[PDB]
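In this analysis, Cβ positions are derived from the backbone assuming ideal geometry, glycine residues included, and neighbour counts consider all displayed protein chains. Every number here is computed from the coordinates shown, using simple stated rules; none is lab data.
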Amino acid sequence: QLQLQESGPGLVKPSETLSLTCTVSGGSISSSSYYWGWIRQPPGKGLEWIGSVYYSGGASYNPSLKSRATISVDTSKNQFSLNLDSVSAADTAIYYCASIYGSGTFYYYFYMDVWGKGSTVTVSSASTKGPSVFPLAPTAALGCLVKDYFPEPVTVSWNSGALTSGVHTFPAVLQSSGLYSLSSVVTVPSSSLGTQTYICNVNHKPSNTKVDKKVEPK
Amino acid sequence: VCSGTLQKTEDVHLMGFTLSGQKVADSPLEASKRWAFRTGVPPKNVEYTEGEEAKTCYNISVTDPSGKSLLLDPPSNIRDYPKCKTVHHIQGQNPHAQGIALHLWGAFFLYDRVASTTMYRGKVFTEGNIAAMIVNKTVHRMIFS
Ligand SMILES: *[C@@H]1O[C@H](CO)[C@@H](O[C@@H]2O[C@H](CO)[C@@H](O[C@@H]3O[C@H](CO[C@H]4O[C@H](CO)[C@@H](O)[C@H](O)[C@@H]4O)[C@@H](O)[C@H](O[C@H]4O[C@H](CO)[C@@H](O)[C@H](O)[C@@H]4O[C@H]4O[C@H](CO)[C@@H](O)[C@H](O)[C@@H]4O)[C@@H]3O)[C@H](O)[C@H]2NC(C)=O)[C@H](O)[C@H]1NC(C)=O
Ligand SMILES: *[C@@H]1O[C@H](CO)[C@@H](O[C@@H]2O[C@H](CO)[C@@H](O)[C@H](O)[C@H]2NC(C)=O)[C@H](O)[C@H]1NC(C)=O
Ligand SMILES: *[C@@H]1O[C@H](CO)[C@@H](O[C@@H]2O[C@H](CO)[C@@H](O)[C@H](O)[C@H]2NC(C)=O)[C@H](O)[C@H]1NC(C)=O
C-alpha cells in the first residue's frame with residue numbers, strides 16, 4: 001500500500017522560501033502509472049493544486065504559482081519536493097502531497113489515489129515558542145491546557161493513544177500575545193478516577209517538544 | 001449486374017459519414033476511449049469528395065510530460081474539417097505513449113476531403129467512415145442546389 005509523508009519546516013519567514021519534501025513508502029516513485037503533485041489548503045478555504053511532476057522530471061504547475069513553485073523529484077531517495085519562492089502571508093496553508101494515478105490508451109485519465117498527512121505551514125517573521133502544559137484536575141471531566149505556543153499545530157494524545165472515546169481536543173485560539181492556546185479534555189467515569197491513571201501526550205513538532213503531563217485529582 | 005451506368009470519372013463520389021450520425025457517444029471523454037497509440041504501423045490516407053456536417057469535432061494536443069507532442073506532424077494536404085457544430089479543445093498527457101494514434105474501431109479520422117489512419121497534431125477532425133457511390137452531374141446538382 002502506498003503511503004506519503006510530508007516533512008517541512010512548519011514556519012517560514014516572509015519574502016523567504018518554503019521547502020517541503022514528500023517521501024513515498026510502500027512503492028517506488030519511479031512508476032509509469034503515477035504523477036506526484038502538491039495541493040495546498042488555506043485556512044477555511046478550498047483545495048488549490050500547486051503542481052505535479054513525473055518521475056522522469058516532467059514538471060507541471062498552476063498558472064498563478066508557476067512563477068514561484070518549482071517541484072523536483074529524487075529517484076535515489078524516493079521522494080519529491082516543492083519549493084515556493086518569495087513566500088507571502090497569503091501562502092499560509094496546509095500543504096498536502098498526493099499520488100496521482102494515471103492510466104490511458106490515448107491519454108492518461110487521472111485521479112489522486114493516495115494523499116499525504118498535511119503540513120501546517122505558517123508564514124510569519126515571529127520566532128518559535130514551545131508550549132507549557134497545565135493539568136485540568138477534576139462522570140467527571142479532566143484535561144490538559146497547552147498554553148502559549150507558536151506556531152501551529154499541536155497534537156495531544158491520551159494514555160499513549162489507548163484512551164480515545166469521549167476525547168475532545170479543542171481547536172487552538174490565538175491570544176492577544178500572538179501565541180496559540182489549546183485545550184484537550186476527556187470524560188471518564190468517576191469510579192475509575194482513583195484506580196486508572198491518566199496522562200496527556202502533548203507534542204509540538206515545530207519546537208520539537210514532547211510533554212507527558214500526569215493529571216491527578218485535588 | 002448491368003444495373004446502373006457510370007458516365008464520367010467525376011461522377012463517382014466518396015461520402016464520409018460521421019460516427020455522430022451512427023448515434024455513438026459524442027462526449028470527448030468517451031470519444032478518447034476509442035483511440036490508442038501503437039508503434040510499428042504506417043499511417044495511410046484516402047481522399048474523398050463529400051462529407052457530413054459533424055455534430056462534435058476535436059482539436060486535441062497530447063503531450064509528453066516534458067512537453068513533446070506525441071501526435072504526428074500533419075502533411076500539407078491535411079486541413080481542418082469543414083463543418084462542425086461544436087469543437088472540443090483538449091490538451092492531454094501520456095508519458096508511456098509510443099508510436100502513433102490509431103482508431104480502435106477501425107474508423108477514420110476525417111479531415112477536409114481526407115480520411116486518415118492517424119490523428120494529426122493541431123488539426124480538427126471527426127470520427128467517421130467513407131462510402132463509394134455514383135451520382136451523375138444532374139443528380140448531384142439537385143441535392144446541393
Ligand atoms: C460500425 O458501427 C458499429 C456500431 O455502431 C461499430 O461497432 C462497435 O465496435 C466496437 C469494436 O470495434 C465495439 O467496442 C467493443 O465493445 C464491447 C462491448 O462493450 C460492452 O460490454 C462491456 C463489458 O460487458 C461493458 O463494460 C461496456 O460498457 C459495453 O456495455 C467490448 O467488449 C470491447 O472491448 C474489448 O475489446 C477492445 C478492442 O479494442 C479492447 O480494447 C478491450 O480491452 C476489450 O477487450 C476485452 O477482452 C480482453 C481480452 O479478452 C480483455 O483484456 C479486456 O479487459 C476486455 O475484457 C469493445 O470496446 C462497440 O461496442 C461496437 N458498437 C456497438 C454499438 O455495438 C463498428 O465498429 C462500426 N464500424 C466501423 C468500421 O466504424
Ligand atoms: C487547434 O489547435 C492548434 C494548436 O493547439 C491551433 O494552431 C494554432 O493556431 C494559432 C492561430 O492560427 C497559431 O498562432 C499557433 O501557432 C497554432 N499552433 C500550432 C501548434 O499549430 C489551431 O488553431 C486550433 N484549431 C482550432 C479550430 O481552434
Ligand atoms: C442523370 O440521371 C438521370 C436519371 O437517371 C438522367 O435522366 C434520364 O435520362 C434518360 C435518357 O435521356 C431517360 O430515358 C430517363 O427517363 C431519365 N430519367 C429521369 C428520372 O429523368 C439524366 O439524363 C442523367 N444526366 C446525365 C448528364 O447523365
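Within a 10 angstrom radius of the beta carbon, how do A:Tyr111, A:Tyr101 rank from fewest other beta carbons to most?
Final ranking by Cβ density, sparse to dense: A:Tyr111, A:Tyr101.
If you take the beta carbon distance between B:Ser61 and A:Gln5 as r and set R0 to 30 Å, what does 1/(1 + (r/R0)^6) give as a FRET efficiency, to the nearest 0.05?
Rounded to the nearest 0.05, the efficiency is 0.25.
Give me the percent of DSSP beta bridges within chain B that run antiparallel, rounded to the nearest 5. Present the calculation step by step, with values, prior to reporting the outcome.
Details: 22 of 34 bridges.
The antiparallel proportion sits near 65 percent.
Tell me, Kirkwood radius of chain B from alpha-carbon pair distances, in Å?
About 16.4 Å, per the Kirkwood formula over Cα pairs.
Take the eigenvalues of the Cα gyration tensor for segment A:102-162, scale each by 5, and report the square roots as semi-axes in whole Å, largest first.
Numbers: eigenvalues 332, 88, 10 Å².
The answer is 41, 21, 7 Å, longest axis first.
List the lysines whose Cα lies under 27 Å from the Cα of A:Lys147, skipping any in the same chain that are fewer than 8 positions away.
Result set, ordered by chain and number: A:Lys13, A:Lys45, A:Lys117, A:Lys129, A:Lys205, A:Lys210, A:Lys213, A:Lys214, A:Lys218.
Under the rule of at least 5 residues apart or a separate chain, name every residue whose amide H is placed under 5 Å from the amide H of A:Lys213.
Close amide H contacts, sequence-distant or interchain: A:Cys200, A:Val202.
Can you work out the Karplus-derived ³J(HN,Hα) for every residue in segment A:28-37? Use 6.51 cos²θ - 1.76 cosθ + 1.60 with θ = phi - 60°, whole Hz, and x for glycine or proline.
Listing the rounded values in order: 6, 5, 8, 10, 6, 9, 9, 10, 10, x Hz.
Within 10 Å of each Cβ in A:106-113, how many Cβ atoms from other chains are there, averaged over the peptide?
Partner-chain Cβ atoms within 10 Å, mean over residues of A:106-113: 6.
For A:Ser19 and B:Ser69, what is the calculated FRET efficiency with R₀ set at 41 Å and r taken between the beta-carbons, to the nearest 0.05?
Numbers: r = 33 Å, r/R0 = 0.79.
It comes out at approximately 0.80.
What 222 nm value per residue comes from the helices of chain A, counting each DSSP H run with n ≥ 4 as -39,500 (n - 2.57) and dividing by all residues, nearest 500 deg cm²/dmol?
Numbers: 1 runs with 4 residues, N = 218.
Roughly -500 deg cm²/dmol at 222 nm, from the helical runs in chain A.
Rg and Dmax in Å for chain A, alpha carbons only: what are they?
20.7, 71
Under a crude label model (7 Å from the Cα following the beta-carbon direction), how far is A:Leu136 from A:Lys45 in nanometres?
3.2
Among A:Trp158, B:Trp105, A:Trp38, which comes first, then next, by fewest other beta-carbon atoms within 10 Å?
Fewest to most other Cβ atoms nearby, the residues stand as B:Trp105, A:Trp158, A:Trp38.
How much of the pair distance distribution for segment A:126-215 lies past 21 Å, counting alpha-carbon pairs only, in percent?
In whole percent, the share of Cα-Cα pairs in segment A:126-215 beyond 21 Å is 28.
On full extension of the chain, what length is gained from B:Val46 through B:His96, given 0.36 nm per residue of separation minus the C-alpha to C-alpha distance?
That works out to 15.1 nm of additional length.
Taking each residue of B:56-67 in turn, how many C-beta atoms of other protein chains fall within 10 Å of its C-beta, and what is the average?
Mean shielding count: 3.
Quick one: P(r) of segment A:1-56 from all Cα-Cα pairs, 5 Å bins, percents rounded to integers, in order of increasing distance.
P(r) over segment A:1-56, rounded to whole percents: 4, 14, 20, 25, 20, 10, 6, 1.
In percent, what relative contact order does segment A:1-125 have, based on Cα pairs under 8 Å that are 6 or more apart in sequence? Please list the in-between numbers first.
Details: 310 pairs, mean separation 42.9, N = 125.
RCO, segment A:1-125: 34 percent.
Show me the ranking of peptides B:61-69, A:15-23 by mean Cβ neighbours inside 10 Å, starting with the highest.
Most protected by this proxy first, the peptides run A:15-23, B:61-69.
Treating each Cα of segment A:1-125 as an identical point scatterer and ignoring solvent, apply the Debye formula and state log10 I(q)/I(0) at q = 0.10, 0.11, 0.20 Å⁻¹.
Debye curve over Cα of segment A:1-125, log10 I(q)/I(0) at q = 0.10, 0.11, 0.20 Å⁻¹: -0.29, -0.35, -1.11.
What does DSSP give for chain A in terms of the percent of beta bridges that are antiparallel, rounded to the nearest 5?
If I count the DSSP bridges inside chain A, around 95 percent turn out antiparallel.
Shielding of B:123-135 by partners, i.e. mean partner chain Cβ atoms within 10 Å per residue?
Going residue by residue through B:123-135 and averaging, the value is 0.
Once you keep just the Cα pairs under 8 angstrom separated by 6 or more residues, what percentage relative contact order results for chain B?
Answer for chain B is 35 percent.
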